[PDB]
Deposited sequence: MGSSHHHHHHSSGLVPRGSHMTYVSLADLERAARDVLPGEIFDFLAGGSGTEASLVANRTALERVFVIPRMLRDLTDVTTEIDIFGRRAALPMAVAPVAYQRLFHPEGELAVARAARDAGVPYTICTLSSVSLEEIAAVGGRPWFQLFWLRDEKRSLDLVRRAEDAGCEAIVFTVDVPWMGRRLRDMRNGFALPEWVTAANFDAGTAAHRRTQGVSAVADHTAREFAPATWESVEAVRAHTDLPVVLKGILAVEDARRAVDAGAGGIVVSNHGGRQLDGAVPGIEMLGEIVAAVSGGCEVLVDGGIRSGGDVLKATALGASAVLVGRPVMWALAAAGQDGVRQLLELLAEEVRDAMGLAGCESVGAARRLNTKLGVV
């Protein structure tokens, strides 16, 4: 595999069509899904030349851990849909690559099993039925050694996925929510923040005022994100709001971005627009579907090579230098 696109072809071969569609699809007309890619393709980097590259490093420090790349595996529910080893295959490859893995509330293997793989994981939270029950999931995650709570804040309910409706898609009986919902509010965020000393990361922020309020609320990070085009159809891509958000929070929390990251060059673009790190969702699942744990290992090795290549060609010996690169919008 020499690009992330090789793995999508491989995953489309192997998966049942309705599972490929569950993975690939967005809500509505998929305008926001498409716009995530169009928005990244319009961004051009202005590289710097002739800088010292003797010790290029792609490492970052985030939420009190060193990560090998400015990247984490996005939360993706029900990974046994894609491969029998599901979350354990992905988490093992992420650990070995030095990349944080986000354990999902809707994981198809229990969060304690996935956390036992090691690799200092994160835990993604959907607000439940109940404050008390939500907080038990948080405490479970913390007790199991998760290092951050990624609170998803853009899913008061799930978006309308027309592919899934047209397919009549439902979980196979062999895929269950192994850890076993009400709309979250800022009060829910405060309840979580009071319940844990782990950093709380709010995933699904797009409005500048919501990024500022996240800082004021004591979030340790946000993920600027339209949920891969799966929630509001017509929501702006995160990458289009990232620069304005980074300026507004003025270093008050980590600012991650996701949606359409498909190469180390895209990682570089996100960094140059100010992101602390990116999440990568669908490509990780393509690699899982294509070749299990080894597939995800090859994907993360390929991304690491592409990030290092892009950084050095742009004159950046560190991710901090990459955040100081300038960009130019072009027409595609």
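Stretches of the deposited sequence lacking C-alpha coordinates, numbered from 1: 1-22, 203-225.
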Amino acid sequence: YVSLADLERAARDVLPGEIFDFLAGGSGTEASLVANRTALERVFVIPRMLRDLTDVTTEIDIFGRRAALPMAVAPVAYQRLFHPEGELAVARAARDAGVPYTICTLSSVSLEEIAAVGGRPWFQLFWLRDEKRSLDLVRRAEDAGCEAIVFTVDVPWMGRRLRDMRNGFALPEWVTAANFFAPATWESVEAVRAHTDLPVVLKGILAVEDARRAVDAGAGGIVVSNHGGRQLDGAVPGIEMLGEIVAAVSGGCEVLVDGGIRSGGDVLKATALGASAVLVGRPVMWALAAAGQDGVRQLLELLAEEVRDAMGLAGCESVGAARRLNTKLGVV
From here on, numbers count along this sequence of modelled residues.
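Looking at mean Cα B-factors across 315-323 and 11-19, the upper value is held by 11-19. For the two regions 72-80 and 183-191, the entry's Cα B-factors average higher over 183-191. Comparing the listed residues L242, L135, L106, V215, the entry records the largest Cα B-factor for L135. Note on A290, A39, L33, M49: the highest value goes to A290, judged by CA B factor as recorded. In this PDB entry, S263 carries a Cα temperature factor that places it within the middle third of its chain's modelled residues. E173 sits in the highest third of its chain by CA B factor, as recorded in the PDB entry. In the PDB entry, a CA B factor belonging to the highest third of its chain's modelled residues is recorded for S110. Among all modelled residues in this chain, the alpha-carbon of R282 has a temperature factor (C-alpha) in the middle third. When the modelled residues of the chain are ordered by their C-alpha B factor, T58 lands in the lowest third.
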